[PDB]
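Trainee: First piece of the complex, coordinates kept as in the full assembly:
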Amino acid sequence: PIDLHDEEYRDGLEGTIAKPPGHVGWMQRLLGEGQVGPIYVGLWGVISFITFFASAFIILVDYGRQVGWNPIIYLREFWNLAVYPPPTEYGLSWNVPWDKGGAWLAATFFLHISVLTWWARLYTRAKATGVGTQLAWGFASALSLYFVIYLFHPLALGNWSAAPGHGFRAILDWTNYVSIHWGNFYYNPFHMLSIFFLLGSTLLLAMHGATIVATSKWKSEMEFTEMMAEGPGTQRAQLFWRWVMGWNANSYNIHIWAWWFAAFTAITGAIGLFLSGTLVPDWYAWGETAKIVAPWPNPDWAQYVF
Amino acid sequence: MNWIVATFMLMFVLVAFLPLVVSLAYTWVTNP
Amino acid sequence: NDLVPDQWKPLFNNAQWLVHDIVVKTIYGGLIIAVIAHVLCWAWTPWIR
Amino acid sequence: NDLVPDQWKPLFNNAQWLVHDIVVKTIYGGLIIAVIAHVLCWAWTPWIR
Amino acid sequence: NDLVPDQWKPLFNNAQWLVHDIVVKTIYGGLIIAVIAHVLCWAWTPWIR
Amino acid sequence: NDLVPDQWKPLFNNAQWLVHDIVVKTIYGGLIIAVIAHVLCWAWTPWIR
Amino acid sequence: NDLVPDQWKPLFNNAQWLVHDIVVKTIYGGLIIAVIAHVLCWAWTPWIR
């Protein structure tokens, strides 16, 4: 009931564009597939694209306004240019001047619409091509963290200034400022959980990719086939991990592990960030009452001084 | 000692890079 | 499509017409309630000033 | 395509013509409302000054 | 592509010619409106000074 | 490609030649306008000084 | 590749030779303009001093 050629080569809305697929060539040699292929434009991709374009255009022309409309100062400061949210005074209000957070509110609203309609695109194309919707729900977990960062944590704190400032350097600055404002995010326990899951995400990704590339000669990478009957490459992979660490997964379990480790990264991160402002104003002070802070009576500070 | 030893350890960090680079070049050479 | 007027038969299924009727009546009720709410909020605090 | 004028038959389906008529009338109503809103906002506070 | 003139038959479909005519007339109307807007904004506040 | 001169037949299609003619005439008109604009801006405020 | 001299036949297609001729003449014109611009900028303000 699903035409794979029709889903790739229909025309117009609820069809694809760039339909004569190009070949990158080096992508085929290094990654095994070089076809750029047609890309779908399905009334959710359109909303996503134009709302992201509105967001990015607002941000870029406010970058231009900030450099006095100088396109060299633009290129020089592009990475430290940012459109900051409204300041703490008049914090949740949208009646903020355009230069003092007025541009940030509009751009962030259009970005919200863009990410939501991109989620809808993921969902609808998963249903349209016959696969499960696991990617849409993984994106929903990522979006839980995202909407805590930009919508739900600024609210419940009372100010838009709690949100990042739409810039290459502003997100780093935002992370620094939020960990500094709420004590020390190292003692945020859900931050520790989310780091557990992020470093376990990278560890499982590296292990999985390495195992499948090592057993690649026996076509272990064809997971769809291996989930029907496990070939010799998957057998060698299972035996490798059984002999290394005493237990193993099959062709199917390992991807459950992958999905859930990444989803837990996003979810525990959202929870910890939302807790830092609203319930626990200070994480190090909380860590002392939680007895998770090591006593440091006489530190050797010669290490930390030049 | 500061700069000689420091640069030797720097070169060990880049040596650590090396195996991954060999993997990428392996993929390229063996996919002709 | 026996229930749909011929004019809208190319567009509306038989079941889609009833759900559309519900949506239209809901939108109309919500519009009346929204007009009442706006008149009340204006009598309370005019936002145009 | 019967309901479509021959001039626009290469472009408009039978169902697309009715939806286009709705869109055109909605755009016209919105334009009238927008003109009224602009005249009212000008009588209230001229933005050109 | 009969409605297209012979010079532009290699380029324009029958339906693309009508949409091109609409686009051309819209661009011309927008140009007239833009010229009027520029003359008005100049009479109001000259930007070149 | 009957409309293309035989010198440029290896390069230009029949339709590409007409679009190229439009592009060339547009570039020439834009060049004349750009020269006029530069002469006017120089008579107004010389940038080389 | 008939239009190409036999010296450059291993390198240049028939169409690539005409585009190469255009590129060469454009580079030469740009070089003359660049020399004129450099002489003018030197007569105006010598950068070597």
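Mentor: Nice, I can see it. Residues are numbered from 1 along each chain as shown, chains lettered A, B, ... in the order given.

Trainee: In chain A, which residue sits closest to chain E?
Mentor: Relative to chain E, the nearest point of chain A is residue A:12 (13.7 Å; Cβ to the nearest Cβ). In short, each C-beta sits where N, CA and C put it, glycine included.

Trainee: Now do the contacts for that residue.
Mentor: residue A:41 (Cβ atoms under 8 Å, 6 or more residues apart in numbering or on different chains).

Trainee: Leaving out the residues flanking it, which one is nearest to residue A:164?
Mentor: Take residue A:164 and drop its neighbours on the chain: the residue closest to it by Cβ to Cβ, 6 or more residues apart in numbering or on different chains is residue A:174, 3.7 Å away.

Trainee: So the one you found versus chain G, what's the distance?
Mentor: 45 Å (Cβ to the nearest Cβ, to the nearest Å).

Trainee: Provide a list of residues in contact with that residue.
Mentor: Counted by Cβ under 8 Å, 6+ apart, residue A:174 has contacts A:163, A:164, A:165.

Trainee: which residues in chain C form helices?
Mentor: Along chain C, counting by DSSP state H, helices occupy C:14-44.

Trainee: and the residue in chain B that chain C sits nearest to, how many residues sit next to it?
Mentor: Nearest residue of chain B to chain C, counting by Cβ to the nearest Cβ: residue B:31, 52.4 Å away. For residue B:31, the count of nearby residues is 11 (other Cβ atoms under 10 Å in any protein chain shown).

Trainee: With adjacent residues omitted, what lies nearest to the residue of chain B found nearest chain D?
Mentor: Closest residue of chain B to chain D, Cβ to the nearest Cβ: residue B:31 (49.1 Å). Leaving aside its sequence neighbours, residue B:31 sits nearest to residue A:29 (Cβ to Cβ, 6+ apart; 5.2 Å).

Trainee: number of nearby residues for the one you found?
Mentor: Neighbour count of residue A:29, defined by other Cβ under 10 Å: 15.

Trainee: from what I can see it touches residue B:29, true?
Mentor: No. At 9.7 Å, residue A:29 does not count as touching residue B:29 under the criterion of Cβ atoms under 8 Å.

Trainee: What distance do you get for the residue of chain A found nearest chain C to residue A:55?
Mentor: Nearest residue of chain A to chain C, counting by Cβ to the nearest Cβ: residue A:95, 11.4 Å away. According to Cβ to Cβ, to the nearest Å, residue A:95 stands 20 Å off from residue A:55.

Trainee: Show me which residues of chain B are close to chain C?
Mentor: Contacts of chain B with chain C, taken as Cβ under 8 Å from any Cβ of the partner chain, are absent.

Trainee: Chain H should join the structure above:
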Amino acid sequence: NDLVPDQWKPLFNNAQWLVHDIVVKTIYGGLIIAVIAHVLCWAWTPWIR
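Mentor: Take a look at chain H, now in place beside the chains above:
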């Protein structure tokens, strides 16, 4: 690879030999220009002192 001398036939294609000749002559011209530029910059301001 006929145009190539038999000494360099194991290394140079027929087309690669012409491009190599262009590269060699370009390098030689650039070297002459670089020597002239260095002599001029030395006569202007000696950098070794």
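
Trainee: Okay, buried residues for stretch A:169-185 please.
Mentor: A:170, A:174, A:178, A:179, A:182, A:183, A:184, A:185 (16 or more other Cβ atoms under 10 Å in any protein chain shown).

Trainee: my guess is the fifth one meets residue A:282, correct?
Mentor: Yes. Under the criterion of Cβ under 8 Å, residue A:182 makes contact with residue A:282 at 6.6 Å.

Trainee: what do the two both touch?
Mentor: In contact with both residue A:182 and residue A:282: no residue, using Cβ under 8 Å, 6+ apart.

Trainee: Once you drop chain neighbours, what's closest to the spatially most central residue of chain A?
Mentor: What sits nearest the mean C-alpha location of chain A, by Cα atoms, centre = their mean, is residue A:142, with 5.6 Å. Spatially, and ignoring its direct neighbours in sequence, residue A:142 is nearest to residue A:266 (4.8 Å; Cβ to Cβ, 6+ apart).

Trainee: The one you found belongs to a strand?
Mentor: No. Assigned with DSSP: H, G, I helix; E, B strand; the rest coil, residue A:266 falls outside any strand and is helix.

Trainee: what's near enough to touch it?
Mentor: Contacts of residue A:266 (Cβ under 8 Å, 6+ apart): A:141, A:142, A:144, A:145, A:194.

Trainee: rerun that using 7 Å as the cut-off
Mentor: A:141, A:142, A:144, A:145 (Cβ atoms under 7 Å, 6 or more residues apart in numbering or on different chains).

Trainee: Could you turn the buried ones of those residues into a PyMOL selection?
Mentor: In PyMOL, this line selects whichever of the contacts of residue A:266 come out buried by 16+ other Cβ under 10 Å:
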select buried, chain A and resi 141+142+144+145
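
Trainee: Nearest to chain G among the contacts of residue A:266?
Mentor: For those, the nearest to chain G is residue A:142 (48.5 Å; Cβ to the nearest Cβ).

Trainee: Secondary structure element holding that closest one?
Mentor: Using DSSP states H and E, residue A:142 sits in helix A:134-147.

Trainee: after that helix, next one along is what?
Mentor: Beyond helix A:134-147 toward the C-terminal end (DSSP H and E), the next one is helix A:170-181.

Trainee: Kindly report the residues of chain B close to chain A.
Mentor: Residues of chain B that fall close to chain A, judged by Cβ under 7 Å from any Cβ of the partner chain: B:27, B:28, B:31.

Trainee: now, which of these sits nearest chain E?
Mentor: Nearest to chain E out of these is residue B:31 (Cβ to the nearest Cβ; 43.5 Å).

Trainee: any idea how far the closest one is from residue E:21?
Mentor: 53 Å.

Trainee: tack on chain I:
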Amino acid sequence: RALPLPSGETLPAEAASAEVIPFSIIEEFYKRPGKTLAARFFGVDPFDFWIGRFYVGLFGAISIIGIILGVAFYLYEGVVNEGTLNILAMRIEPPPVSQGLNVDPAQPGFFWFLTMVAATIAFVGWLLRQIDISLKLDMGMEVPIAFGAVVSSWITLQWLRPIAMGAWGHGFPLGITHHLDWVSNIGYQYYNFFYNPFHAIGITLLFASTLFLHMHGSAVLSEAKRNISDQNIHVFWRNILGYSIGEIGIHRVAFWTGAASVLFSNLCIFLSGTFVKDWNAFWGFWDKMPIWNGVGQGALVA
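Mentor: Next up, chain I placed on what we already have:
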């Protein structure tokens, strides 16, 4: 017959060469003794047996010495010597920077040095044992390459950087919740480690690693127990994003991004110690690159 599948689905056998084979059969078919690194070098692997499911090689025995001694030294320094009794409050500290590179059994920080040496022996033995087991199974050397990336991240932090700095007190303390104090104090000493470019690359690759992991788990789980032509996931990945990397491509990118993250990361902390003291001062050259020096006024000049 029910015909159980690897996913867990039982499919009723008509609605391939596959047969329902026990794992014990798979495991005993692939034993193949004597292909390990130690068996090439010495002519025999001293430990060529399996203890339970685990393969015990020469490097597995070295690794288990390292593991046991590291755990016991860790717990000596922190139960004793510190008295804490709770592992979240203990503080396994290197010798003070005053001591320099030399180690003294009488001076404090000696059990950190032993825990670090035994942990290095354990990690390098784990890596060499992964090489052993990949050699036994005729696999590629990719899992050892990725684990070697992370082991070199450990070597950089505890061996290369403390040696280059020259004090051996620049290794991070081995305390739960307290190595975080070192990470925070090192991150703020060379202020704005965010502006460290190899650190930004490392964070980019960590976030991209988690994103690729989620996307790959999603893709394989989405096609898992369905009637699919194996090209449905490719069509999905071309409808979304207009590119499908393929089955072998996603695992290659997984491995590469995973390893490269920590490789650029250890380049960051090593440079942070030795060559760059301030990561904001590092970026002072940018506004002075001569192509945009001149154009600015007010606060818009630099």
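
Trainee: now with chain I: the contacts of residue A:174?
Mentor: A:164, A:165.

Trainee: Could you do residue A:35 as well?
Mentor: A:21, A:23.

Trainee: Ok, residue I:150 next?
Mentor: Residues in contact with residue I:150, defined by Cβ under 7 Å, 6+ apart, are residue I:262.

Trainee: Helix, strand, or coil at it?
Mentor: Assignment for residue I:150 (three-state DSSP): helix.

Trainee: and what of residue A:69?
Mentor: Once three-state DSSP is applied, residue A:69 turns out coil.

Trainee: Chain neighbours aside, what residue packs nearest to the closest residue to chain D within chain C?
Mentor: Ranked by Cβ to the nearest Cβ, the top residue of chain C for proximity to chain D is residue C:10, at 3.9 Å. Spatial nearest neighbour of residue C:10, chain neighbours left out: residue D:15 (3.9 Å); criterion: Cβ to Cβ, 6+ apart.

Trainee: Number of residues surrounding the one you found?
Mentor: 15.

Trainee: How much space separates the residue lying closest to residue I:243 once chain neighbours are set aside from residue I:231?
Mentor: If the residues on either side of it in the chain are set aside, residue I:243 comes closest to residue A:36, at 5.8 Å by Cβ to Cβ, 6+ apart. Look at residue A:36 and residue I:231: by Cβ to Cβ, they are 16 Å apart.

Trainee: next one: residue I:38
Mentor: Distance from residue I:38 to residue I:231, by Cβ to Cβ: 45 Å.

Trainee: Do a quick rundown of the helices in chain B.
Mentor: B:2-30.

Trainee: Excluding covalently adjacent residues, which one is nearest to the residue of it found nearest chain H?
Mentor: Residue nearest to chain H within chain B (Cβ to the nearest Cβ): residue B:32, separated by 20.4 Å. When the adjacent residues along the chain are set aside, residue B:32 lies closest to residue A:29, with 7.7 Å between them (Cβ to Cβ, 6+ apart).

Trainee: Isn't that neighbour up against residue B:28?
Mentor: Yes. With contact defined as Cβ atoms under 7 Å, residue A:29 and residue B:28 form a contacting pair (6.0 Å).

Trainee: So which bits of chain C are right by chain D?
Mentor: Residues of chain C lying near chain D (Cβ under 7 Å from any Cβ): C:10, C:11, C:48.

Trainee: got the residues you listed as a markdown table, with neighbour count columns?
Mentor: As requested, those are exported to a markdown table (neighbours: other Cβ atoms under 10 Å in any protein chain shown):
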| residue | neighbour count |
| --- | --- |
| C:10 | 16 |
| C:11 | 16 |
| C:48 | 8 |
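
Trainee: Cross these against strands and list the overlap.
Mentor: When DSSP state E defines the strands, the subset of the residues of chain C next to chain D inside them is empty.
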